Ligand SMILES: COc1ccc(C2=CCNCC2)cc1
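Just the one chain here, the form deposited without the ligand, laid out as structure tokens.
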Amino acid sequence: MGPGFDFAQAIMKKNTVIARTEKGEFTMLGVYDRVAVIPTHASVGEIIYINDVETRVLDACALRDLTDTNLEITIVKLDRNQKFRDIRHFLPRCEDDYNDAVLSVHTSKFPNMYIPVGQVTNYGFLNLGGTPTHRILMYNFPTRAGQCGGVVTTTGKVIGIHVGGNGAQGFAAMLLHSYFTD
């Protein structure tokens, strides 16, 4: 409808796949080469389904901060025959607050879904499903089951992936440029 949705759509059309684990279907953001991200509660194993194709997982790392606190991001390298467009230059370098964000989801349950979530707070600590979690972004939208892995964007930046909600608020794990240096 506007330049926020334009950026979100450009990311969804080229840099997302549908990932299926034993714990469900997730929006999965491809970042560069064969490297993608997913919420850690997806419990990625040795084999994952990518757009309904059986795919070997070459590496999977559940990120934690230097206090050994959960960040709820898993970085996955996929044995896929094709690379993602490199979008690392759209990742923020530091923890921050944002105005006017969009949460975008693409699954079998929720195809081509875009949600203007508004202001995003650097919330920090969250007890997420009983697990102490850091670097959480918060938005005042009643997000539902099926939106985990959804991409949070502003104009020109990919800032997070949806990892939970409490019925009135939604929570995303920050994406930082330093997670994807090589």
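For every residue, the number given is its place in the sequence shown, counted from 1.
Averaged over Cα atoms, the B-factor as recorded in the entry is higher for 125-133 than for the other of 125-133 and 33-41. Checked against the record, the higher mean CA B factor of 140-148 and 47-55 lies with 140-148. The entry lists C-alpha B-factors for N70, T27, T153, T67, and the highest of these is at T67.
Residue set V17, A168, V163, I11: peak C-alpha B-factor at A168 (per PDB entry). In this PDB entry, the Cα temperature factor of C94 sits in the top third of its chain's modelled residues, the highest group.
In this PDB entry, the Cα temperature factor of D79 sits in the middle third of its chain's modelled residues. Per the PDB record, residue ranking by Cα B-factor puts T107 in the middle third of the chain.
The form solved in complex with the ligand is left out here; the points below concern that form.
Of the heavy atoms in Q82, some are within 4.5 Å of the ligand in the bound PDB entry. Although the partner is absent here, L78 sits close enough that one of its heavy atoms falls within 4.5 Å of the ligand in the bound PDB entry. Although the partner is absent here, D33 sits close enough that one of its heavy atoms falls within 4.5 Å of the ligand in the bound PDB entry. Heavy atoms closer than or equal to 4.5 Å to the ligand in the bound PDB entry belong, across 139-173, to no residue whatsoever.
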